[PDB]
Amino acid sequence: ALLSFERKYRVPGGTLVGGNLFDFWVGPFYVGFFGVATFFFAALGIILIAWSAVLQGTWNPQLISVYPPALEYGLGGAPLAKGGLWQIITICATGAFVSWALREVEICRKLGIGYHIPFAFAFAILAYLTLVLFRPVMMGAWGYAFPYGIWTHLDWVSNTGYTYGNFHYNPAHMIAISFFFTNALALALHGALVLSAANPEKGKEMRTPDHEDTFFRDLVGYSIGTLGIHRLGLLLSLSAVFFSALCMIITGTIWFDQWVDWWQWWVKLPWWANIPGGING
Amino acid sequence: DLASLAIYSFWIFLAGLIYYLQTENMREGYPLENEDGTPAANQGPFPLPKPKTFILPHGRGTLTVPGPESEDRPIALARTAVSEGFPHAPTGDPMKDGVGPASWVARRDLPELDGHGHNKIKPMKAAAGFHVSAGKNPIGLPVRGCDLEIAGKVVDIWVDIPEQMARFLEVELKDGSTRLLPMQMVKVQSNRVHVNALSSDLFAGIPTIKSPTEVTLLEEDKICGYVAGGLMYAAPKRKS
Amino acid sequence: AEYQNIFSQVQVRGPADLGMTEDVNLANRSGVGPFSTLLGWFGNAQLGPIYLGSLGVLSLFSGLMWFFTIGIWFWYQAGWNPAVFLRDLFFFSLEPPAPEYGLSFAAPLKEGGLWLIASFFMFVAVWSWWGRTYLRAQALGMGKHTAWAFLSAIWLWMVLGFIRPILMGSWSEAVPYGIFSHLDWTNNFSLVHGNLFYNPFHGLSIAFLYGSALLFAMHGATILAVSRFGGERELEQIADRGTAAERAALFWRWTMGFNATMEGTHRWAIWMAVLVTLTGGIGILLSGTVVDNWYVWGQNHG
Ligand code: BCL
Ligand code: BCL
Ligand code: BCL
Ligand SMILES: CC[C@H]1c2cc3[nH]c4c(c3C)C(=O)[C@H](C(=O)OC)c4c3nc(cc4[nH]c(cc(n2)[C@@H]1C)c(C(C)=O)c4C)[C@@H](C)[C@@H]3CCC(=O)OC/C=C(\C)CCC[C@@H](C)CCC[C@@H](C)CCCC(C)C
Ligand SMILES: COC(C)(C)C/C=C/C(C)=C/C=C/C(C)=C/C=C/C(C)=C\C=C\C=C(C)\C=C\C=C(/C)CC/C=C(\C)CCC=C(C)C
Ligand SMILES: [Fe+3]
């Protein structure tokens, strides 16, 4: 039940709601009040998916799929089987995620550490909410949302992106994707740096941050350093998700033509629109 | 076919890799224990790993993990309930006692050293060539606690020498002695440094250090421990 | 506002850090560059010094050689006109030989030979840089992890531009140099193969790519959060666990029910990241050499 250095931190307090009432652990798990919110929202939503799975005929997770209300239904409710199960499961989903964050705030308080983790989680929650609530509402229908199925939601990704030709041309999607890629680069580098110091050459003694700094400067003329790289991971990550949401909040709402076409604002400028030669003259 | 061989093999590699990774993260905190400190019955499905040895660089010795584990310190807490899983109340003053969010570990009571063997952290005053290079300079600001009362004056910054980074404010009391505050728990503004974790009367109680030109890892832990504890334990004197 | 350690509130500056000498031939470090106050709100203010050995110079030269080759073909495609160049910047594209030349080096300069020339410069630039990766580590007595991990990035790049074009029998199978064309090659690659959503290695790759954003966001937040107990000094927390490492582990344990060590979490990191391209490159490698349509393959796995 406890890690060897753990008892000393298991003290009363930090809760957000409930005072000492749900303030206890089950095995290694802290139980918020929000631990109780999350279990209720998550068990209700799982129950409704298992439900939905019979109304639809299957028990196989590669087939189970829950679709939003069709476009026809606009923003209204929609019978249980014709999209309303999805409406209620989405309400469970948000309930469960926002609880999880709030539970994380409580764990933060008991531990005397900062709020960075749940703040970060929040950008994921916002991305989801962009796909299933903000974008559908700006567009008129729950049916623009994606559905809950392992393979059917990629159906939705293909269909949605291919409505604007090659999605690659969505310029916020480009910045988003750069953030993702650079993030994986920082992750490879940070991991391998720290390990290469803790696990040096062999028989050899443990290296130091001065080594990690040194190796970097040797390789690229720079080193952001140990506080730096953690700030950077965070920034790269969160920036990726922020531009992920931005690229989708704007697609179908303020821009709804073929993304390749947006680029013509550049190529069509007064100063060079009509000069000849090159690809566009 | 070949593509089915590759994918299925990959799933297998992936399972061993998860396993290896999981066991690797057991070189601390393990074996699990009961709330009373003896080995828990169930340790989950992962075995401990064969141990490893880090060689520390300034004839500072060895670490070999996993190995026998204790807190090397008394824990002023008691059970508040009759079975596994509840909070354990502080039996004393939690701040003075280093428990809860004020906890510290018994790290080595020497100073972390740079790559060259010198103490990593020094008061800027004993650090040649080091000066404030941008942003508001805290030195000479009054230091205010969460009760909005002044508790001292900033008299130097302790700096990380190889990373060139502020790490504490050395602040002076009515006393004339000083304490270190973590740079990360203070807000340097126009006419003052504000400290939210601590009320003005809890500064005297900050853990003191033995040299005034060195901190040790143990002292550093007790200090950071103490001030972070205040966010929970000084909430009584915290205003708005 | 209580304070978050995202940007620094004070920069502090000392003598330029020349860094540990170890087995490094110091002949080859440059001397310190200057000091960006700007950089310094966020990470370190000091630029340089860089080390450039002979291998150093080699890499960096063919580096520019590839860049400069792509760049004349761009000015040429622009018919020498400076405004046209700027306008059509993302449209220029240096393409590989047509399917007809197969793997030969025969193709004219102006229809593929320029491509192979730039491809040649890129190949020695990357690989030399790779060995530069290892060498800098040896000189310092550091482990080999950076080069191992960089090897994973190289494997996709390798498979995309060289291993796969060879196995399929021609250089036309490989990727244009240019901002839009390489996007187009991409979209196109997927179409011709039955949509890469059906290729299990693609799907794995996404899980790691997304997974790396998850991990680093977790990890970077975890550190900033415990940064008020010196959490960022990870190596000394590995050698002597302090409350920062403890309160970190226990955040994740109380939340999701298991946790890492300060050292272990870095092995989660190196692998989460490296697996993105490892997995990816198997997925491309198999495309069209062994599976011509992922959908179809998918229909009856074996
Ligand atoms: C043919 C398809 C189109 C295309 C169309 C789209 C579309 C359409 C979309 C994207 C989106 C994205 N695309 Mg695109 N995309 C294409 C080509 C690419 C390529 C490529 C190499 O070609 C790449 C790398 C990308 C990359 C990206 C990212 C910028 C983004 C996905 C990450 C994200 O949004 O996460 C955000 C993360 C989440 C939303 C996860 C949320 C997690 C929540 C909060 C909690 C879940 C908990 C879970 C339930 C717990 C379960 C139980 C536990 C496991 C125990 N695209 C092609 C051209 N792309 C998406 C985007 O920008 O979304 C905003 C999007 O909607
Ligand atoms: C982000 C932009 C697009 C999108 C584009 C893609 C694409 C493209 C792909 C996936 C793939 C996946 N996505 Mg999807 N996906 C989206 C939003 C989601 C959401 C969500 C709540 O918003 C979830 C839960 C998932 C879940 C999944 C997984 C089934 C699979 C691997 C993900 C991963 O490794 O993440 C990183 C996270 C981790 C490593 C943490 C572990 C996450 C675990 C495995 C998720 C389990 C979800 C579970 C099966 C849902 C079960 C219900 C629960 C019992 C409540 N996607 C949106 C609509 N997703 C890949 C796939 O293989 O498809 C079959 C793939 O190629
Ligand atoms: C319409 C397009 C198709 C599609 C077609 C492809 C194709 C084709 C490929 C991918 C690949 C990927 N796609 Mg897909 N993809 C689609 C949809 C998606 C979606 C989505 C639906 O949202 C997502 C999230 C992704 C995500 C991904 C990634 C997991 C994977 C790229 C890994 C990577 O890190 O590359 C970035 C990293 C590299 C390219 C390695 C670079 C290393 C070299 C050594 C560096 C050279 C540097 C050079 C010298 C320049 C230096 C300049 C400096 C500043 C000095 N794709 C749709 C289905 N996708 C790649 C893959 O492996 O899939 C199997 C790939 O080939
Ligand atoms: C900065 C954003 C990056 C990020 C960060 C991030 N994620 C996080 C955190 C952070 C900081 C956490 O603290 C939190 C965590 O606890 O991690 C272990 C988390 C987390 N991110 C997770 C998943 C997740 N994150 C993803 C992405 C990202 N997370 C971003 C790229 C993805 C992607 C890329 O697709 C996934 C799949 C979980 C591991 C965990 C959140 C766990 C949680 O909220 O648990 C509560 C709920 C349940 C246990 C049960 C679900 C409730 C029911 C309503 C079921 C159905 C919902 C429905 C939408 C089903 C969908 C079907 C699919 C097939 C599409
Ligand atoms: C401003 O003006 C100046 C003069 C400075 C010039 C400006 C130039 C500019 C702005 C240039 C822009 C260049 C761009 C946009 C480059 C983009 C490249 C992209 C986008 C992607 C590349 C993907 C590349 C891959 C996948 C390549 C892989 C290559 C190989 C494996 C090597 C292949 C092997 C060859 C060619 C054979 C030779 C070797 C042997 C051993 C037989
Ligand atoms: Fe780290």
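Determination of this PDB entry was carried out by X-ray crystallography to a resolution of 2.97 Å, according to the record.

Colleague: Explain the interface of chain A and chain B to me, please; I cannot follow it from the model alone.
Modeller: Quoted interface sizes are often the accessible area lost when the parts come together. On the side of chain B, 40 residues touch chain A, which itself brings 32 residues to the contact. Within the residue set of the side of chain A that touches chain B, elements represented by two or more residues are β1 (24–26), α2 (84–111), α6 (209–220) and α7 (225–249) of chain A. Taken together, the residues of the side of chain A that touches chain B break down into 14 nonpolar, eight polar and 10 charged.

Colleague: Sorry if this is basic, but what is going on with the site of ligand 5 here?
Modeller: Residue and element names in this part refer to chain C. What surrounds ligand 5 is a group of 20 residues, the closest being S119, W157, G161, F162 and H182. Relative to its free-state accessible area of 1100 Å², ligand 5 is covered by the protein chains to the extent of 74%. The residue makeup of the shell around ligand 5, split by class, is 15 nonpolar, five polar and no charged. Residue assignment places the shell around ligand 5 across two domains, with domain 1 (1–143) and domain 2 (144–302) each supplying three or more.

Colleague: How do you make sense of helix α2 (residues 54–77) of chain C when you look at a structure like this?
Modeller: Every α-helix winds through 3.6 residues per turn, so residues three or four apart in the chain are directed the same way. Residues and elements named next belong to chain C. The terminal C-alpha atoms of α2 lie 35 Å apart, and with 24 residues this matches the ideal 34 Å at 1.5 Å per residue to within 8%. Among all positions of α2, only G56, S59, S62, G63, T69, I70, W73 and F74 are buried. The inward-facing, buried residues of α2 contact α3 (82–87) and α4 (113–140). Of the residues flanking the end of α2, it is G79, one or two places downstream, whose phi is positive at about 35°.

Colleague: How should the coordination of the magnesium atom of ligand 1 be read in this particular structure?
Modeller: For a metal with four donors in a tetrahedral arrangement, the ideal angle between donors is 109.5 degrees, while six donors in an octahedron ideally sit at 90 or 180 degrees. Counting protein donors around the magnesium atom of ligand 1 gives one, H173 of chain A (NE2), at 2.0 Å. When you line up the elements, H173 of chain A lands in helix α5 (residues 171–198).

Colleague: Would you mind showing me how to read the nonpolar core here?
Modeller: As a rule of thumb, soluble globular proteins bury nonpolar side chains together. In this structure, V193, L198 and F203 of chain B are the most contacted members of the largest nonpolar core, which totals 103 residues. Element by element, the count of residues in this core is highest for helix α9 (residues 243–256) of chain C, at eight residues. When residues no more than four places from it in sequence are discounted, the contact partners of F203 of chain B are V143, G145, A151, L173, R179, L181, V195 and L198 of chain B.

Colleague: Is there a simple way to explain a nonpolar patch on the surface in this structure?
Modeller: All names here are of chain A. On the surface, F40, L44, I47, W51, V54, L55, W59, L80 and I88 cluster together into a nonpolar patch covering about 910 Å² of accessible area. Considering every element that reaches the nonpolar patch, the biggest residue donor is helix α1 (residues 33–54), with five residues. By secondary structure assignment, the location of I47 is in helix α1. Overall, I47 belongs to the exposed group, its relative accessible area being 55%.

Colleague: Help me understand the domain arrangement of chain B in this model?
Modeller: Residue and element names in this part refer to chain B. In terms of domain boundaries, chain B breaks down into domain 1 (1–106) and domain 2 (107–240). Centre-to-centre, using C-alpha coordinates, domain 1 lies 31 Å away from domain 2. On the side of domain 2, 22 residues touch domain 1, which itself brings 15 residues to the contact. For the pair domain 1 and domain 2, the summed buried surface comes to about 1400 Å²; carbon and sulfur atoms form 65% of the total. Taken as a group, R60, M95 and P101 account for 49% of the area that domain 1 buries against domain 2, more than any other trio of residues on that side. For the pair domain 1 and domain 2, the number of links is zero salt bridges.

Basis of the calculations
Counting starts from 1 on each chain and goes along its sequence as written, which need not follow the entry numbering; residues with no coordinates are hidden. Following the order in which they are written, the chains are lettered starting with A and the ligands numbered starting with 1. Only hydrogens and water are removed before side-chain values are computed, so all heavy atoms of the structure are retained for them. Residues with missing side-chain atoms are left out of burial classes, side-chain pairs and their counts. Pairs of residues are marked as contacts when any of their non-hydrogen atoms sit within 4.5 Å. Under the scheme used here, helices are H or I runs from DSSP no shorter than 4 residues and strands are E runs no shorter than 2 residues, and both carry numbers assigned from the N terminus. The residue classification treats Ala, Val, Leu, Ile, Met, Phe, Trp, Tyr, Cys and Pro as nonpolar and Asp, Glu, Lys and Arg as charged. All others, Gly included, are polar. Note on terminology: near, applied to a residue and a molecule or strand, indicates that one of the residue's heavy atoms is within 4 Å of it. The protein chains shown are the only cover counted for residues, whose accessible areas, like all others here, come from Shrake-Rupley with a 1.4 Å probe. Domains are outlined according to an automatic or database domain assignment. The span you would expect from a helix comes to 1.5 Å times its residue count less one. A simple rule labels every residue: compare its accessible area, found with a 1.4 Å probe on the protein chains alone, to the largest value its type can have, and call it buried under 20%, exposed over 50%, or partly exposed in between. Atoms of type N, O and S within 2.8 Å of a metal are treated as its donors, and for Na, K and Ca the window is 3.2 Å; water is not considered, so some sites may appear to be missing partners. For this analysis, a nonpolar core means a set of buried residues of the types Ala, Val, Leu, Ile, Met, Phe, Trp, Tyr and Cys, connected via side-chain atoms within 4.5 Å. Residues qualify for a patch when their relative accessible area is over 30% and they have no salt bridge, like charges being joined within 9 Å and the nonpolar side chains of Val, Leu, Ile, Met, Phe, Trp and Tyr within 5 Å. Salt-bridge detection follows one rule: a side-chain nitrogen of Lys or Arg within 4 Å of a carboxyl oxygen of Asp or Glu. Once two parts are brought into contact, the accessible area they lose, counted with a 1.4 Å probe and summed over both, makes up the buried area.

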